[PDB]
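J.: requesting a structural model of the entry that follows:
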Amino acid sequence: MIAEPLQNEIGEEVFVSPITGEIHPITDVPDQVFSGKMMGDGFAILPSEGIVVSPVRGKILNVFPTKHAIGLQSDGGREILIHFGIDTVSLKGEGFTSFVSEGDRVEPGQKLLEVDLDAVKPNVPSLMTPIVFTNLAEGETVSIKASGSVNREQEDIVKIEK
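T.: Residues are numbered from 1 along each chain as shown. See the structure here:
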């Protein structure tokens, strides 16, 4: 009855996969806020590609204080919070390069950050890059499909669905 494979052909819930790496449930993130969901729903990606595109750009809501994080909005319904690795904030983004100079209103994907993961990793306790969605049209559960490896710009990886 619980038909898990609700993948769909057009399984792109305004989500052109942001990074290539390994997906992990939000709970796995070594931080209370993320681990306990606190601000919303979401998941972690342990990244590989030092190139980060956007699930949706839509409209950049807020910039990074220390290049490691950003706030986005699709249209008016899904507001997103991103964090890139852990303690990268502390690292002052030493190895980061920001592509969006947060000119808010933009179309999806197109690189948010380029980030020297290779050099960042040894300088951080964890590479967990959590993505949280707050408002989530007050009912969108973040139905993870790709409970394993993930690749950039892919579809049917996570489904924001009721």
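
J.: show me the contacts for residue 107.
T.: Contact analysis of residue 107 by CB atoms under 8 Å, 6 or more residues apart in numbering lists 57, 58. (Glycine included, C-beta is placed from N, CA and C.)

J.: give me that answer again for 7 Å
T.: Counting by CB atoms under 7 Å, 6 or more residues apart in numbering, residue 107 makes contact with residue 57.

J.: measure it to residue 60 for me?
T.: 12 Å (CB to CB, to the nearest Å).

J.: also residue 91?
T.: In terms of CB to CB, residue 91 sits 22 Å off from residue 60.

J.: same deal with residue 114?
T.: 16 Å.

J.: neighbour count for those two, which is higher?
T.: Taking other CB atoms under 10 Å, residue 114 and residue 60 do not tie; residue 60 has more neighbours (20 against 15).

J.: count of neighbours near the residue nearest to residue 19 when sequence neighbours are not counted?
T.: Once flanking residues are discounted, residue 19 sits nearest to residue 47: 4.7 Å by CB to CB, 6 or more residues apart in numbering. Counted with other CB under 10 Å, the neighbours of residue 47 add up to 24.

J.: same deal with the one 5 residues further on?
T.: Using other CB under 10 Å, residue 52 has 24 neighbouring residues.

J.: all the helices of this structure, residue numbers only.
T.: Counting by DSSP state H, the segments of the chain that form helices are 32-35, 117-120.

J.: next, the contact list for residue 109, please.
T.: Residues near residue 109 by CB under 7 Å, 6+ apart: 16, 53, 54, 153.
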